[PDB]
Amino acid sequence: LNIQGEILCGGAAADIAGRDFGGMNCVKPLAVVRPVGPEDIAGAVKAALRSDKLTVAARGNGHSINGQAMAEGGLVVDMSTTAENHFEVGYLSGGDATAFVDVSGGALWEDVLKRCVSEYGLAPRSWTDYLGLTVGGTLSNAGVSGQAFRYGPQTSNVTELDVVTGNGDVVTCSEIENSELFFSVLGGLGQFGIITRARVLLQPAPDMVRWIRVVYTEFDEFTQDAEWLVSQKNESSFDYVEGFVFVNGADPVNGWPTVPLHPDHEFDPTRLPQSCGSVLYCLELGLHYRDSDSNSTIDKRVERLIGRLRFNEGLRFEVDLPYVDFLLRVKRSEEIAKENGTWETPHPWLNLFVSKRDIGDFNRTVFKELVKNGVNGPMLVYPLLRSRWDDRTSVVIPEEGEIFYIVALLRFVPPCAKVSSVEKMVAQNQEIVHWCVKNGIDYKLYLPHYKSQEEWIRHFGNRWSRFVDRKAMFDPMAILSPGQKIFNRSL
């Protein structure tokens, strides 16, 4: 194959393309392709199509948990070498979003953020918690954070893509042009093509965020309050709503020390009622405001907005920081992980959506029993609104209810733990999924990983035939993102 970029066989390049953040799969490619642009990528795709066995996997920033960006004896396309290929801002008169920016599928969101803000005072309006992820990587899944209840996930905030299809075609698509490909690729787990450019929506960048954390002991009250907040009329409430479960104890990694937002206000556990469960709940809120706003005016606004919430008195923590610093807040957690050596150990992360109707049951068995001593990392749980998620996309969410929850068990492995430790974590993730399937819980995995056809058929449900149809159209040989394990390469 003749390309402008570099082709690397074996060595450190292959080692890296055979690793991901999951830290549980090592699958080496024949070669790593470092493309200059869409032509190098379609070349890689066409090479694989001519061969008997080659497959092609785009690699974003290697944040997958279960080998989804790996290609056993295939070609891994390191998208980072395309990270700077696009940066064009345009305006929108159609109301809603102010503007859009064209960015590479290989750009990291952290870089997109910094450049939009510094050059234009604009920024995307829907995020992930962690910004060391690629545009094409998150758009291939959903891209979820505390703004999604208001604007939908990142797949709801893109209006055009350039895609290199599994046929090797370079195609521009949108709601109006090649719409089937557009909707297929969004949330499509890399199955239908490689995103080389995305037109991402922009709004004016806020100056500041008031970041608030308040604590609940009662899951019913926590979820009622959170659902109420995400259901409020546009711009009458907060601009970010998340939640998390924490251990009722002093464990610095799992317990109440994880709650405070600055070193000068600590968690006082004597404010907790005597009857508290094994775990407690934190509602996390963000209010955007202007540099010019009077502090008393903002204080009064926040007291009004928080004033009906039923959190435990004396367990309210807040800080104010620039908007960019708020969006990059998880850098602090990355630093704690590198310090305790758990950034480089395996991460058997479990991510799923649960209907509003079943989140109570999930809390009862999962949070209050299975992981009641924590998982050594975040246990996130917060509500989302179905109205913001377009069902034409490949994304798969729970079957019933206008509100559903996202849940994340962000497991970390202490560096002196046995390999049996990681096995036990994986086994417990499986035990949770089984418990869901057995008890008819309306759940769907996010970043799903299954190895059997019957599990994928169950996952896609009434959208399985559509998924298969889209595959037959855009990657009939099944060469793309084989590590998702949904389709096996054609013989």
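Counting begins at 1, following the sequence as shown.
For this session: Between 260 to 268 and 337 to 345, name whichever shows the higher mean Cα B factor according to the PDB entry.
Result: Mean CA B-factor is higher for 260 to 268.
Exercise. In the PDB record, does 232 to 240 or 190 to 198 carry the higher mean Cα temperature factor?
Worked result: The entry gives the higher C-alpha B-factor average to 232 to 240.
For this session: Name the one of 106, 124, 90, 146 with the greatest CA B-factor according to the PDB entry.
Result: It is 90.
Exercise. According to the deposited entry, which of 116, 245, 253, 350 has the largest Cα B-factor?
Worked result: If I rank 116, 245, 253, 350 by C-alpha B-factor, first place goes to 253.
Exercise. Which third of the chain does residue 453 land in by C-alpha B-factor: lowest, middle or highest?
Worked result: It belongs to the middle third of the chain when residues are ordered by C-alpha B-factor.
For this session: Rank-wise, by C-alpha B-factor, drop residue 28 into the lowest, middle or highest third of its chain.
Result: Within its chain, residue 28 is a highest-third residue by C-alpha B-factor, going by the deposited values.
Problem set entry | Relative C-alpha B-factor of residue 20, binned into the chain's lowest, middle or highest third | Ranked within chain, residue 20 CA B lands in the lowest tercile.
For this session: Comparing against every modelled residue in the chain, figure out the third that the C-alpha B-factor of residue 48 lands in (lowest, middle or highest).
Result: Highest third, going by the recorded CA B-factors of the chain.
Exercise. In terms of the chain's CA B-factor thirds, is residue 174 lowest, middle or highest?
Worked result: As the PDB entry reports it, the C-alpha B-factor of residue 174 lands in the highest third of its chain.
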